[PDB]
Every structure is written in structure tokens, then in C-alpha cells.
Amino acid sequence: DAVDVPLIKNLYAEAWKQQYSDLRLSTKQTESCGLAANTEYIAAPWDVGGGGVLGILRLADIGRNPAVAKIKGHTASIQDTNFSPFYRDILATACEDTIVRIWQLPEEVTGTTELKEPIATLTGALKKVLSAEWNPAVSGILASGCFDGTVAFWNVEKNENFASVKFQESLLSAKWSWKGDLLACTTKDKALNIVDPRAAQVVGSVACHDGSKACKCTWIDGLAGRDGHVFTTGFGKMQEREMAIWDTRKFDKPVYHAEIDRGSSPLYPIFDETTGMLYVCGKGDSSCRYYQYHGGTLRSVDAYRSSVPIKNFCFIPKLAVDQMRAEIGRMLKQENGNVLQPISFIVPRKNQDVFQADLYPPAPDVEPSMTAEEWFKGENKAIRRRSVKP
């Protein structure tokens, strides 16, 4: 009686009237989406001189001049931030000073909360670290991508860099399979690379786009996707923005390739593994368009449109969406340096005030399917899921 993945032909973007406002946010350039959120908190790099500071807001406390807790410690700018998939109080930052820091928030986060000491300080990268991504199935496992081309895999529990793989060119993105076994990354040589950390080897590589500007990837397996499939954005030979779907088991040519538009910003792909919604967002763009990956086919659905550029952004976890509103996803959009603007993505339904059960398959839960020790033994237990209801 599990709810199956819905076909979504209609999905509209609704900007909230409410905002997180009177903030002091960074507008520095990075190679990541810029923000992070879990079911409770929002992380946003703060506009400060000197070492990077993360503002920590409560998702629920929307409005003017909200309580902003502070995470310091960094000695340079923050390049990437990600909350743990499992532990509400745990997050990681990647920093220009080459250090990845693991943070543990207090039980009660207030406007006077200040974090200076990480619970784990992961050292060794030779240049600025550009990504820090948690394994979606395994507790304590993190991948970090370095400007020097190194992907470093960490067991944060043991403070152990247990595997590393170095490419010749700088990393531009790094993302985990929903199976938790493989990492995909893009590099400046226009390559999409597949990495097996437990084998410490590159198990696939292909030229993914022929233009010069930055390619970005994410996995599109999981519940709604297809096993071993990866999605890329990039630029064609004429510098048009385009995308491709790749099968890592038949990794010589795209399964699917299409032009998107003639924009200039690299596009960050965001996959909702539970419904198959696939958002492509460019920093500096005033619009965001989305597709559904369903039945192995990609279909255009709709787009968010505004007259205000996206400076930074992130999406909230599935567990956090408002089910009674038929909300399936939500973007937090930084506008200028002082506002976070929520955007709901809603399936239009006649009865806008009753639970649309068919829209909510079992969502990724906040429980790891494997311990690190189990994973290193070669296990591949599918992620744990929870059927959420209001």
C-alpha cells in the first residue's frame, strides 16, 4: 500500500508573501548553491570582514530581523555548507583556508548562540575546498572536492581521510548517488567522472559538454530516478546552456541530451529523488525552470519567474514540506544581501485543504541505512524511508 511515484504535469511556483528579512548576507562568488537547510535550520554565509561566518536561522522563525546564531572558526570565506542527512544539529562547511569543519549546534539555538570550535577539523587539502557532501545512506561519511582536483573521502567519526582521488583539473561539482556507493564530479576539463571511494578508483569518465564554462552534475537515481543515472548541465560549443542524462553502465554517450537556453550562468541541478522533479537554477538568473524525470523520460513542467536575481539558494528537505498545501519542494532564494525569499512548488488540486496522499511517496528518512563499518564491508542497503502524513 506504499504510495507510488506520481506523474506531475502541473507544478506552479509561489513566492511567499513572508520573508526572512533584515539579514546581512554574503554575495561572494562560490562554486556551490550558497545556502543550506535541514528540517529545522537555514545556514547562510554572513556578510562579515575577515573569517567566514555562517548565520543560522530557524526555518520556522520567518519575518523581520530573526534570531541569527553564528558559526565562526573559519579563517577565510565559506565555499560550501551542508547539513547532515540524519542529525539535526550536525553540519559541515568547506572553507577557502583548505579546512573542512564539522559543527554541532546546541540543543537550543538562539540569537546569542556562537559556535567557534568544530567537533571535527578535517585537514590535508592543499588548496581551497569547494564542496562538502554527506553520504545519503551512511553515517559519518563525507566527500570533499578541492580546487586542486582532489576528491577526498572522510570518515568524520575517526577523522580519517580513507581515500582520495586526484584529477588534473579543478573540481566544479561533486555529488553522491542515492545508493551511497558512487560519487560523480565535474572538472574544468569538461569531464564528468564517476568515483568508487571504497575501491579508491575512477570507474568512469566522459566529456560531458563541449563549451568552456562550468559543468555541474547531480545523481538522478533513487525512488523516481533510474539506477546509476547521472544528470549534467553545461554549455555547448556555441556556449548555449544544455543538459544531459548519463547511464554510468553505458557511459560513452548521453542517454538524452537537450538545449535549455542561451543564459550565461552555470546551472545547478537539484533532484527531488522522491517525485522526480528536477530543478535547474543559475546564480544571477531571475528565473528557475524545472522538469520531471519520470518513467526514464525527462519532461518540461514549468518555471519560477521573477525580476530579481538569485544570489544564492538551496532547497529544503522533503521531510520539511507543507503537505496540507500540496507543497512538494521549496526553494530559499537569497535576494541581494538582506532577504531570503521562500518559493513553494505546489501541485494544483481542486481541494486545496485536504491531504493529497498520492503526491507523497515514502521520503528519505533521517536514519542512516548503514553504519560506516557495514558500508566498508561492502554493503549497499537502500536508504531508509518514512511515509509522512499530516
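In this text, residue numbers run from 1 along the sequence as written.
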Which of 347 to 355 and 361 to 369 has higher mean CA B factor, as the PDB entry lists it: 347 to 355
Per the entry, higher mean C-alpha B factor between 51 to 59 and 65 to 73: 65 to 73
Identity of residue with top Cα B-factor, from 233, 155, 110, 205: 110
Per the PDB entry, maximal CA B factor within 275, 150, 286, 193: 286
Chain-relative CA temperature factor third for residue 389: highest
Chain thirds of CA B-factor: placement of residue 212: highest
For residue 181, the third of its chain into which the C-alpha B factor falls: lowest
CA B-factor placement of residue 85, once the chain's modelled residues are sorted into thirds: lowest
Cα B factor band for residue 106 (lowest, middle or highest third within the chain): highest
